[PDB]
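Below, each chain spelled out in residue letters.
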Amino acid sequence: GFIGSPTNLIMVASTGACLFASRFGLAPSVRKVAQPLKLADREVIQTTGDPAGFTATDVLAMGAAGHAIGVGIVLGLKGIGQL
Amino acid sequence: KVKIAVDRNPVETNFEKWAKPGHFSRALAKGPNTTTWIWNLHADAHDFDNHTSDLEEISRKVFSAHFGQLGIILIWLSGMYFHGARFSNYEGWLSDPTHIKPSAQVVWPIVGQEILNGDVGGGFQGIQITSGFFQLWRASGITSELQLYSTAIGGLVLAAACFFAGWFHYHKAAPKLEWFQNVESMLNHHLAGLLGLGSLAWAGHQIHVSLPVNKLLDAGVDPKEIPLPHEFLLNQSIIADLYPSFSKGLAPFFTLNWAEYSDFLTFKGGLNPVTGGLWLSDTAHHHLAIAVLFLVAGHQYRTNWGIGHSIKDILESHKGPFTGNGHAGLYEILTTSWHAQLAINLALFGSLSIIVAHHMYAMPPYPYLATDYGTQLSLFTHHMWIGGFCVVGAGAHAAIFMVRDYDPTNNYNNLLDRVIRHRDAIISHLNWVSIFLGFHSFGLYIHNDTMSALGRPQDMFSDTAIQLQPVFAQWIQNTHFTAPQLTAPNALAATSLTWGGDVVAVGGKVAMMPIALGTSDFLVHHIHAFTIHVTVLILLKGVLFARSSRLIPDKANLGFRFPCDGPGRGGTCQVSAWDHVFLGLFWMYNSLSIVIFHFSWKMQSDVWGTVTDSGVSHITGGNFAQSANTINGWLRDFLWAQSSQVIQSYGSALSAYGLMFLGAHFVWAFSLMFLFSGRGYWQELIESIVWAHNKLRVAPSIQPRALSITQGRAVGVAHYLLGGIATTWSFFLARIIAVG
Amino acid sequence: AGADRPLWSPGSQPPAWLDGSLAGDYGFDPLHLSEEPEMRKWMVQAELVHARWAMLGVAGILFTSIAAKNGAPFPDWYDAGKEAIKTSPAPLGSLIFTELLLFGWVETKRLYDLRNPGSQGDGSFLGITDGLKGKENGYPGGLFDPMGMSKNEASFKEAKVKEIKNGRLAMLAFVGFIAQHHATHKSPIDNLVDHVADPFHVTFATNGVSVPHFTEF
Amino acid sequence: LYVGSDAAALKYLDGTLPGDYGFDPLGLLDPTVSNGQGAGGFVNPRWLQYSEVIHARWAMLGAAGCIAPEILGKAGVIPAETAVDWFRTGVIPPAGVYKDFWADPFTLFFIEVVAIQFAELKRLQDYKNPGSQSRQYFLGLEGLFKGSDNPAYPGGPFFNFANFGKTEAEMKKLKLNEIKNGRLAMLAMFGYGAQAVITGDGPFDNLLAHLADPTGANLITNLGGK
Amino acid sequence: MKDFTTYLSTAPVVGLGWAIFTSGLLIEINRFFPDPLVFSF
Ligand code: CLA
Ligand code: CLA
Ligand code: CLA
Ligand SMILES: CC1=C(/C=C/C(C)=C\C=C/C(C)=C/C=C/C=C(C)/C=C/C=C(C)/C=C/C2=C(C)CCCC2(C)C)C(C)(C)CCC1
Ligand SMILES: CC1=C(C/C=C(\C)CCC[C@H](C)CCC[C@H](C)CCCC(C)C)C(=O)c2ccccc2C1=O
């Protein structure tokens, strides 16, 4: 919440890591399918200038995932007495 | 892919089909000629699978019928709120809930029934209600009758809106088959919106309205002097005084410092000593966590945006080596058959109702709910019976799906085919398990009764002679008593008082206390398991042998609901799956009757009572440890020791319970003539009456006929269930109101 | 007198049974009543008698209230029966049953003229043949129309339209009488003077009824 | 440019609508949705466009009526007692009610509901039956209610008495600008309601607070964050 | 109207009408004649 707080830093890092994972393979996305690996799919939604398969629902889903991972990490570290 | 598919005006709103009673089926479209047509009019009314073979029309009818049932439910809820608004002493009950009985039904003085308006207290006369609506309204922050009036008017408005919605979504804008088949969208919207959004809205109401009103009520201030909920909503000074964390003003939520919300979102597991109910802050954090979990779960399935899970892909992927085609054709089955979904919904709804009853007697989630013993007993019994009816209807509609909607082409080597392929082994093993359970439980009871009648108390299976103590249940109780100690250290106390601890009492009456488990408890628990096993065996034999059997190889062609196949092969009476459900209904009734008898006796002997300086004096003095081990103990110390209030209720406000008890005995006895006998006797009797009316030239044009064998069985089981249910209802309510 | 006639709502489709022949036919029928010709005749007769009694009662109420406001000792239209049989030579019971006996003849003659048109004017009642014959469904005429301005067809139609419009207006006037006497407990003329004295303040919203006041803020 | 146009949504809509930026993620302009005859459901393209333009006009009027009193009362144009916040006029008596009015607020509500019921019921009857309000005599202004083929743009001697847009290009530009300003005012009234709930002040006061201190007065600082 | 009238002319609806009529008649008789047992004019 506070600018410069450790929770802000690590949750911004988590959201950016989720976005970077969605941009380049890694995390499954709209254009990524199949259970074991990730395979190319239909474009589904126009990306509106974004290269590769990166649409609005992609950034919405992975921002939600990043916020969830960040709040889980924050509360887990607060439970164990860490940052 | 997922989109709204709606046809515009497929059915015109005309009264021309209201004049013709039999119109949905071609068999009844020809008009009536015998009286068995009339029953057939009231039997195939909701059999939409038989009226048309088109799944789209059936789905539209199902949607409209669900809207109608929601409208009926909202009408009933609005009427309940209106009765609480006008013909009730809720305002008087709020001043002293431990001395004024809850009353919300008032009778008209016409023929001497005004004696039913008993002295409930607070300057009011009426019937002592056991629904617990007073405690629900106290948990919702309702103070004045104006709020109940507003809730009733809003309920009537929403009921009219739902009734118009059913008319619109059937006659005007009827959804197509592709709209109903979007199971992924339905699941996502139900998990996120129906359950999660409602949980979040109720959590917000508990935070902003229910918690301050309940805190001020527990403080002991006048309910008339309590500020209105909108004052808590708008002005922040009162909510800051009652809870300092509200002075932050949503700062800890968006800064992830949620521990600052710990004052009004607590984890003090247990019972509130002021009111004997669950902590409202605990319920607020509970519903908030449930809402968060359900909004997380509602984004699981793929609908229109690529990401998500496919139900068909998940079902086809989960295949093992011992099962062949693991869960292969189930997605096509559950997206085309309404009866399979009905069976699933009814089974899960009934099991969840049983869970609700158990976890509601265990933790009373309402202020001044545990002190009202009658409310708790009535709620437990009601949810118990509704759950049992739902789980037997699950087997009924599963058998209906087996007869009608099963396709062998889509089921070659899948799980359903293998279940049908070893159904005989399933039924044989279940029969052996049921017989062994019934022997080693009921024969144990008979052993105790015999050795009691033979003067051998040391030979009995009691708490003093042969200790067959429930060591697993006692170990689990001890572990859950230590759950806040080591495994859940953030909880202030135990999650419930049933595991152990101290005695919580309100107004001199014990709200909750630890429950000891002995040999009688083990005996009745194994008896319940045996009865459930037998009912499961009956319903599973009905479901699995619904299509074919060794006795009848072409049972599928005879339909789901047929009386018999003649006296051939020795006799094929009651061989249909419908007759199996009709037989299992009695076993469900017996099982739940024994369960509620165990609940009533155990909580009257070891839970409920009064609290004095010497200790806790229970209602029956704790005879369950020494009387529940024999059938004669239930006969004398539970059925004869109680039920004296029912028979002595004449001349008082409880006399309607005695009259209802007698009427229930009457209906239960009257059911036996339909359960026994047959059809030819009554048919010839009706022929003689036809001759009598023909002598006087008053023979009706519609030929009177005897009830069908299936119809006679249905009438018998319905009157039998109604008689037994109302007998237990009257006995329980009269006993728990007079002495409770 | 039909087809392109002003309706209750501009653009709404008029009902098939409401062709505009009847007086005051604005095609107003949300519940689709009076579809059958016999049901239409019964509804027309009921509307006509309700209209005549409503206009008579509203005129009497207005005259009594105007005289009371002018200074004449007349009671309010509400609870006038109490002082009425307090000062009546005829007590209650006898008066209402005498009224019922006097009304039964007229009501049953109206009913059997509605069921059988022209059957009353056959000399059965004091040898009257030309009179006591219904000119129309709900419009008897004869001795009930002493002066003959209903002989002209166009004049009769205009009189029917005027009568049904003033009847509907008097129906709403009587409903308003009941409503604002239950709301204000004053005479309708008192409500009229209060409305024309301070129109900007005195209205249906300042009586303490109709609109509820809970928070008072 | 198409502002965030979702793919597979252009398959059923071409460029005929004024805005028509191709943004339809869930999908409601599809002719397959509510296809048939008669009244049908409420999700049809004609009613969708009609409700969109009516929401646009109402939101534009609301944004104007929320800005003008506060802005003119900040200066000497509007006196201070009449320069109340838009939610403190009496629309929400918990928020605030202006007692010094020429009539009671419920009397004004009754006059308003009668007038707007006449207006919107005539509008609805013309929507169901085009040109029907010009036939039945209303006051003599029936020729002013002639309407057009599109119910969203009736025109006539009163609704468009300036007869702007003689050419089709000017009609298209005017319709696009109307729907754009209406969508902007819809988002504006959304923000106005949000600020009224959170800040409890007028939108111009919130704008001045953001202007004076950007970081010290923003959405993050509104709810307690830093 | 006539279709709704024939719906009201069906046996359950007229039976319901008879039920309310008879029940209301007996209830009003019992209310205005409180608890009689023997016919004594
Ligand atoms: C998040 C959105 C949402 C919500 C809240 C609901 C809610 C509901 N659905 Mg629905 N459903 C949805 C989306 C949603 N649906 C979608 C997208 C589909 C298509 C895939 C379906 C398909 C569907 C079927 C096929 C059926 C339901 C049924 C039901 C009801 C279940 C009974 C119950 O729990 O009573 C809860 C009751 C209440 C809480 C009382 C208030 C109910 C209000 C009026 C509903 C308001 C939510 C509504 C969806 C808003 C949109 C409607 C709007 C145009 C007016 C419930 C009202 C069943 C039904 O017909 O019930 C009538 C049923 O058989 N749903
Ligand atoms: C569904 C549940 C729910 C609801 C309705 C509320 C609602 C509220 N809570 Mg609560 N709260 C909740 C859950 C909920 N909360 C939960 C789960 C927690 C976690 C512990 C809290 C914790 C909490 C705290 C600690 C506090 C509140 C406060 C508030 C108020 C502030 C609202 C606000 O700023 O939000 C944001 C609201 C908006 C952005 C407004 C929505 C946008 C509007 C509606 C747009 C309208 C536009 C429209 C078109 C124009 C108007 C139309 C008109 C012209 C006709 C409000 C009454 C605070 C309070 O009471 O002080 C005032 C407070 O101190 N709540
Ligand atoms: C109290 C009466 C009674 C009794 C004893 C039984 C007994 C039985 N029924 Mg049931 N049943 C009853 C009433 C009863 N029924 C009624 C009223 C209905 C109508 C709804 C049904 C409907 C019904 C169905 C639908 C089914 C059964 C089944 C069964 C069997 C389950 C075996 C078991 O678990 O217990 C074991 C048996 C006992 C505990 C009997 C008690 C007697 C003593 C303890 C046994 C020893 C006696 C003595 C020591 C030996 C004497 C030897 C010599 C002198 C004769 C068993 C034969 C099921 C079945 O076939 O098997 C699973 C089944 O599917 N019954
Ligand atoms: C590179 C680039 C760029 C940038 C971009 C960006 C920077 C973005 C971002 C984005 C973002 C940054 C987003 C986010 C989102 C988020 C979200 C969506 C989240 C969440 C939500 C919610 C609603 C939540 C909830 C919750 C709660 C409350 C509780 C529980 C848990 C959770 C967390 C789940 C640009 C354009 C310039 C250019 C080009 C490229
Ligand atoms: C008695 C009996 C009959 C005969 C029962 C018949 C014909 C049903 C009679 C139902 C009556 C007509 C219901 C209505 C009774 C009253 C006339 C209605 C209430 C009257 C009061 C309100 C005055 C069967 O047909 C039968 C069939 C199969 C198994 C068992 C039996 C069985 O036991």
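Preceding block: the structure.
Residues numbered from 1 in each chain as written, not as in the entry; some residues may be left out. Chains lettered and ligands numbered in written order. Part of a larger assembly, values for the part shown. Heavy atoms only, no water.

(A) Expanded view of the overall build of chain A. Counting secondary structure elements, chain A contains 2 helices and 2 strands. Counting helices and strands in the order they occur from the N terminus, chain A gives α-β-β-α. Since a compact globule built from 83 residues should have a radius of gyration of about 12 Å, the 15 Å found for chain A marks it as more spread out than a globular shape. A principal-axis box enclosing the C-alpha atoms of chain A has dimensions of 45 × 30 × 15 Å. Taking all 83 residues of chain A together, the buried fraction comes to 29%. The contacts in chain A between residues at least 6 apart in sequence include a share of 53% that link residues at least 24 apart. Between the mean site of the 6 positive side-chain charges and the mean site of the 4 negative ones, chain A shows a separation of 9 Å. (Helix = DSSP H or I, 4+ residues; strand = E, 2+ residues; numbered from the N terminus. Rg over C-alpha atoms; globule rule 2.2 N^0.38 Å. Buried < 20%, exposed > 50% of the residue type's maximum accessible area, 1.4 Å probe, protein only. Contact = heavy atoms within 4.5 Å. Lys, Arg positive; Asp, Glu negative; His and termini not counted. Charge placed at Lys NZ, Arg CZ, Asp CG, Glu CD.)

(B) Fine view of the overall build of chain C. When helices and strands are counted, chain C shows 5 helices and 0 strands. Here the C-alpha atoms of chain C give a radius of gyration of 22 Å, more than 25% beyond the 17 Å that 2.2 N^0.38 yields for 217 residues. Seen through its principal axes, chain C has C-alpha atoms that stretch 65 × 55 × 30 Å. Buried residues in chain C amount to 25% of all 217 residues.

(C) Local environment of the interface of chain D and chain B. Listed per partner, the contact involves 19 residues of chain D and 17 residues of chain B. Roughly 1400 Å² of surface becomes buried between chain D and chain B when both sides are summed, with 53% attributable to carbon and sulfur atoms. Counting the surface chain D buries against chain B, the share from its top three residues, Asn35, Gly40 and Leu223 of chain D, is 31%. Taken together, chain D and chain B are joined by 0 salt bridges. Linking chain D to chain B there are 6 residue pairs in polar contact. Here the residues of the side of chain D that touches chain B are counted per class, giving 7 nonpolar, 11 polar and 1 charged. (Buried area = accessible area lost by both parts, 1.4 Å probe. Salt bridge = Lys/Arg side-chain N within 4 Å of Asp/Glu carboxyl O. Polar contact = N/O pair within 3.5 Å; in protein donor to acceptor, adjacent residues only side chain to side chain. Nonpolar A, V, L, I, M, F, W, Y, C, P; charged D, E, K, R; others polar.)

(D) Summary view of the packing of helix 5 (residues 55-85) of chain B against helix 8 (residues 145-172) of chain B. Residues and elements named next belong to chain B. For the pair helix 5 and helix 8, the least separation of the axes is 8 Å and the interaxial angle reads 165°. By the angle class used here, helix 5 and helix 8 are roughly antiparallel. Crossing handedness for the pair helix 5 and helix 8: left-handed. Taken together, the residues that form the contact of helix 5 with helix 8 break down as 18 nonpolar, 9 polar and 4 charged. (Axes fitted to C-alpha atoms, helices over the stretch in contact; angles between N-to-C directions. Parallel < 35°, antiparallel > 145°, perpendicular 65-115°, else oblique. Left-handed = near helix turned anticlockwise from the far one by under 90°.)

(E) A look at the site of ligand 3. Residues and elements named next belong to chain B. Close contacts around ligand 3 come from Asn431, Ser434, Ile435, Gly438, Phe439, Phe442, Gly443, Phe530, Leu537, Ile538, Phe586 and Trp587, and that covers them all. Between ligand 3 and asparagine 431 there is a distance of 3.5 Å, counted from an oxygen atom to a side-chain nitrogen or oxygen. In the environment of ligand 3, an oxygen atom lies 2.8 Å from a nitrogen or oxygen atom belonging to the backbone of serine 434. For the shell around ligand 3, the elements supplying multiple residues, two or more each, are helix 20 (423-453), helix 23 (519-544) and helix 24 (577-606). (Near = heavy atom within 4 Å.)

(F) Region of the structure containing the sheet that holds strand 1 (residues 6-8) of chain B. The sheet built from 3 strands is open, its strands ordered 5(B)-1(B)-1(D) with mixed pairing. Bordering the open sheet on either side are strand 5 (173-175) of chain B together with strand 1 (35-36) of chain D, each of which pairs with just one other strand. Relative to strand 5 of chain B, strand 1 of chain B runs antiparallel, the two sharing 3 bridges. Across the sheet, residue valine 6 of chain B finds its bridge partner in strand 5 of chain B, namely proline 175 of chain B. Along the sheet face, helix 5 of chain B touches strand 1 and strand 5 of chain B and points at about 115° away from the line of strand 5 of chain B. Each of strand 1 and strand 5 of chain B is contacted by helix 8 of chain B, which is oriented at about 80° to strand 5 of chain B, the strand it contacts most. (Pairing = 2+ DSSP bridges.)

(G) Broad picture of the sheet that holds strand 2 (residues 103-105) of chain B. Residue and element names in this part refer to chain B. Taken together, the 3 strands give an open sheet; going across it, the order is 2-4-3, and neighbouring strands pair in antiparallel fashion. The open sheet has two free edges, formed respectively by strand 2 and strand 3 (118-119), since each of these has just one partner strand. As judged from the 2 bridges shared by strand 3 and strand 4 (residues 125-128), these two strands associate in the antiparallel manner. Directly across from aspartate 119, in strand 4, lies its bridge partner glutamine 125.

(H) Focus on the side chain of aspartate 417 of chain B. Residues and elements named next belong to chain B. By the secondary structure assignment, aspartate 417 is in helix 19 (residues 415-421). Since its relative accessible area comes to 15%, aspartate 417 is described here as buried. Beyond its immediate stretch of four places on either side in the chain, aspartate 417 contacts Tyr406, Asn411 and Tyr412.

(I) Structural context of the nonpolar core. Residue and element names in this part refer to chain B. By size, the foremost hydrophobic cluster in this structure holds 99 residues, and its most contacted members are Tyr90, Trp137, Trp608 and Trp634. Element by element, the count of residues in this core is highest for helix 24, at 15 residues. With residues up to four places along the chain from it excluded, the contact list for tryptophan 634 reads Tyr445, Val524, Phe597, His598, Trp601, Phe624, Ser627, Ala628 and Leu639. Counting 16 residues, the second largest nonpolar core, distinct from the first, contains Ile207, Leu242, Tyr261 and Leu265. (Core = buried A, V, L, I, M, F, W, Y, C linked by side-chain atoms within 4.5 Å.)

(J) Geometry of the pairing of strand 7 (residues 509-512) of chain B. Residue and element names in this part refer to chain B. Taken together, the 3 bridges between strand 6 (residues 504-506) and strand 7 define a ladder with antiparallel strand orientation. Along strand 7, the bridge assignment pairs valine 504 with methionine 512. Counting the residues in the hairpin turn of strand 6 and strand 7 gives 2 residues, including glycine 507, whose phi is positive at 65°.

(K) View of the environment of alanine 95 of chain D. Residues and elements named next belong to chain D. Take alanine 95: it is sitting in the loop between helix 1 (45-74) and helix 2 (105-128). Taking relative accessible area as the criterion, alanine 95 reaches 25% and is therefore assigned partly exposed. As a C-alpha pair, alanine 95 and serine 51 span 44 residues in sequence and 29 Å in three-dimensional space. Contact partners of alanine 95, with chain neighbours within four places excluded, come to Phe87 and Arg88.

(L) Examining the coordination of the magnesium atom of ligand 2 more closely. Of all protein atoms, just one serves as a donor to the magnesium atom of ligand 2, and that atom is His208 of chain B (NE2), at 1.9 Å. Summarising the element assignment, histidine 208 of chain B is placed in helix 10 (residues 183-219). (Donors = N, O, S within 2.8 Å, 3.2 Å for Na, K, Ca; no water.)

(M) View of the interface of chain C and chain D. Listed as interface residues are 15 residues of chain C and, on the opposing side, 14 residues of chain D. For the chain C and chain D pair, buried surface summed over both sides reaches about 1200 Å², with 60% attributable to carbon and sulfur atoms. Considering only the side of chain C, the residues that lose the most area to chain D are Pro10, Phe200 and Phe217 of chain C, jointly responsible for 44% of the buried surface there. The tally of links from chain C across to chain D stands at 0 salt bridges. Seen at the junction of chain C and chain D, the total is 5 residue pairs in polar contact.

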